[PDB]
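*Asks:* my complex, first installment, coordinates as in the assembly:
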Amino acid sequence: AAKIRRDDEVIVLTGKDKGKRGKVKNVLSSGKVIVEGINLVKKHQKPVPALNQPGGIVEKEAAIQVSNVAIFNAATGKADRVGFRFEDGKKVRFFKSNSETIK
Amino acid sequence: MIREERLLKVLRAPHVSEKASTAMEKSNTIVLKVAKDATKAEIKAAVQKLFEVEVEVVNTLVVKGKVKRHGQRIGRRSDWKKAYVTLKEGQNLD
């Protein structure tokens, strides 16, 4: 019963990257997801002789709150909410708006 | 007669150090980390079975754990048993 999952395309409801879109890269136990290309930070990576790291200003993807994103329904062209229901003895997610199953 | 299972459990590791190396080279004596409960005879048995090598004699000693400090918090390392096992003349160990 987790409404957003690893390989879902999501749209951002709030923040600096609000309105933008991207595939969820991975979801953390803390209640945050990391989405591809969305919330970007220019970390100053400190060099280390071991592990073959040169060290520089690396622009990487910081986490974002799951609440701040929403599963995008391709049909409506909009962000939607997700509900849960049992189809053929198996739980599945569905878009609240339009009532269609997520596949 | 020591049980096979027991024997396997006895021997913890080889001990690498300058002294150990010297022992290996000159006196034909291997330096092992063994179970703290492992008696000499048991250790010997383990050596014979598990390394396939005749044992002359085993000397053991208990190494006491060092007290350390990780930041502000104090904490002691574990005690462990070292065994010098002297192999018979001509016994080459892999």
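*Replies:* On my side now, so go ahead. Numbers count the residues shown, from 1 in each chain, chains lettered A, B, ... in the order given.
*Asks:* Measure how buried the closest residue to residue B:30 other than its chain neighbours is and give me the count.
*Replies:* Spatial nearest neighbour of residue B:30, excluding adjacent residues (CB to CB, 6 or more residues apart in numbering or on different chains): residue B:85 at 5.1 Å. For the C-beta atoms, the positions are set from N, CA and C on the backbone; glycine is no exception. Residue B:85: 27 surrounding residues under other CB atoms under 10 Å in any protein chain shown.
*Asks:* Measure how far the one helix or strand residue B:85 maps to is from the centre of its chain, please.
*Replies:* If you go by DSSP states H and E, residue B:85 is part of strand B:80-87. Once both centres are worked out by CA atoms, centre = their mean, to the nearest Å, strand B:80-87 turns out to sit 4 Å from its chain's centre.
*Asks:* picking that back up, tell me the spacing between the residue nearest to residue B:30 and residue A:49.
*Replies:* Residue B:85 is 39 Å from residue A:49, where distance means CB to CB, to the nearest Å.
*Asks:* number of nearby residues for residue B:51?
*Replies:* The burial count for residue B:51: 16, using other CB under 10 Å.
*Asks:* Tell me who's in contact with the closest residue in space to it that isn't next to it in sequence.
*Replies:* Excluding the flanking residues, the one nearest residue B:51 by CB to CB, 6+ apart is residue B:93, at 6.2 Å. Taking CB atoms under 8 Å, 6 or more residues apart in numbering or on different chains, we find residue B:93 in contact with B:24, B:30, B:51, B:53, B:87.
*Asks:* and chain C on top of that:
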Amino acid sequence: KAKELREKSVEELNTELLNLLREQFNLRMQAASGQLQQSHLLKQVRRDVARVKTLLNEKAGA
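*Replies:* Time to bring in chain C:
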């Protein structure tokens, strides 16, 4: 692996257990040196051993 190991005799089990123990020992030996670059193996082996033990107990007086 327990469902697979349940369909065995006592003698069969014992031998398997012994083998597992041996493997574990080997791993330990390797681990201490710089040979073992697959640490999870040790974890697995112990677990397997435990399972075997459990099975044995189940068989003999349970």
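*Asks:* let's see the contacts of residue B:93 again after adding chain C.
*Replies:* B:24, B:30, B:51, B:53, B:87.
*Asks:* and which of those is nearest residue B:67?
*Replies:* Lowest distance from residue B:67 to the contacts of residue B:93 (CB to CB) belongs to residue B:30, with 29.1 Å.
*Asks:* Help me confirm that that closest one is found in a strand?
*Replies:* Yes: the assignment for residue B:30 (DSSP: H, G, I helix; E, B strand; the rest coil) places it in a strand.
*Asks:* Now do the same contact list for it.
*Replies:* With the criterion set at CB under 8 Å, 6+ apart, residue B:30 makes contact with B:14, B:20, B:23-24, B:47, B:84-85, B:87, B:93.
*Asks:* Go ahead and confirm residue B:60 touches residue B:83.
*Replies:* Yes: using CB atoms under 8 Å, residue B:60 makes contact with residue B:83 at a distance of 4.8 Å.
*Asks:* Would you pull up the residue in chain B closest to chain C?
*Replies:* For chain B and chain C, the shortest gap (CB to the nearest CB) falls at residue B:13, measuring 3.5 Å.
*Asks:* what does chain C have sitting close to chain B?
*Replies:* Counting by CB under 8 Å from any CB of the partner chain, the residues of chain C close to chain B are C:17-18, C:21-22, C:24-25, C:28-29, C:31-33.
*Asks:* one more chain, chain D:
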Amino acid sequence: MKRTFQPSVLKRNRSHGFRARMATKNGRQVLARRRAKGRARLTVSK
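*Replies:* With chain D now in place:
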């Protein structure tokens, strides 16, 4: 100057150690009290 504390381990143990405490009712009571308090070192015993 010979100061009051002149340590001796055996003496300490016999005096104050766990077994001594156990031996008597009052000792037991003391131990219980300590336990209640939450003492880490219940007795002088190392």
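*Asks:* Once more for the neighbour count of residue B:51, now including chain D?
*Replies:* 17.
*Asks:* Check residue B:16 too.
*Replies:* Residues near residue B:16, counting by other CB under 10 Å, number 12.
*Asks:* Ok, residue C:15 next?
*Replies:* By other CB under 10 Å, 12 other residues sit near residue C:15.
*Asks:* Would you mind listing the residues in contact with residue 43?
*Replies:* No chain was given, so I picked chain A. By CB under 8 Å, 6+ apart, the contact list for residue A:43 reads A:57-60.
*Asks:* not what I meant, chain D
*Replies:* By CB under 8 Å, 6+ apart, the contact list for residue D:43 reads D:16-18, D:21, D:31, D:34.
*Asks:* So which of those residues reach chain B?
*Replies:* Within those, nothing lies near chain B by CB under 8 Å from any CB.
*Asks:* And residue D:2, how close does it get to residue D:16?
*Replies:* Distance from residue D:2 to residue D:16, by CB to CB: 21 Å.
*Asks:* Who are the contact partners of the residue nearest the centre of chain D?
*Replies:* For chain D, the residue sitting closest to the mean C-alpha position, by CA atoms, centre = their mean, is residue D:16 at 3.1 Å. Shown in contact with residue D:16 (CB under 8 Å, 6+ apart): D:43-44.
*Asks:* Brilliant, that's me finished.
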